[PDB]
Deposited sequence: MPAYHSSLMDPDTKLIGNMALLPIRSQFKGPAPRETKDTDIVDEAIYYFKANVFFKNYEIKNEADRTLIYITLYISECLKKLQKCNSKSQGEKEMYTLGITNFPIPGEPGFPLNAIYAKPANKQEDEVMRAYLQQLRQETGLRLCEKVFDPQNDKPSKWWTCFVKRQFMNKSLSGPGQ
């Protein structure tokens, strides 16, 4: 079957029913500081190529909702990164993409409202907003060094594919 995150800790935090998982990042956001050499973003990028072909994904825990989200976002990055023409130019569209306000759980336009819980109030809304942007910024950064050799056709080839047939857009 598909690949599920194994970062779910007995004491991991939650922002909605998504898992507020640590990330080794420098961008601002409520993500806990990460010690270990790998986080939910490295797990997402490592599982992408495989998982992207799947249509049915069983949410085992809240860590999977965070994983799903990142997998969907990577597809977004490829669409843009594809039309780029240098690792430096790619780094630009990556910041610009990370900033844009993509829809979030509970809004018209978000792909999995039946699976992701909606922010219960204005604070959760702001926290979640910020956690997603932090993930996006860091995702797009680490993903930008992979995709570039010249954006490798071995990543560009996925632009047309959608995890579970969904799209953050």
query: Deposited residues without C-alpha coordinates, grouped into stretches that follow sequence order; finding: 1, 151-154, 175-178
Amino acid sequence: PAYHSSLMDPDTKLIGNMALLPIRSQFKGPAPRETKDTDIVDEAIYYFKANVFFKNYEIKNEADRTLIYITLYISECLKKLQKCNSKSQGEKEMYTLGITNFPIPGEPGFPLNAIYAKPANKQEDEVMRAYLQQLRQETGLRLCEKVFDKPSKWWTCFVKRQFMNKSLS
From here on, numbers count along this sequence of modelled residues.
| item | value |
| --- | --- |
| Mean temperature factor over C-alpha atoms, higher-scoring stretch between 90-98 and 72-80 | 90-98 |
| Segment of higher mean CA temperature factor, 34-42 or 125-133 | 34-42 |
| Chain third (lowest, middle, highest) by recorded CA B-factor, residue given as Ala19 | lowest |
| Position of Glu58 among the chain's modelled residues by C-alpha B-factor, lowest, middle or highest third | highest |
| Assigned third (lowest, middle, highest) for the C-alpha B factor of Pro111 | middle |
| Record-listed C-alpha B factor of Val52: chain third | lowest |
| CA B-factor placement of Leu141, once the chain's modelled residues are sorted into thirds | middle |
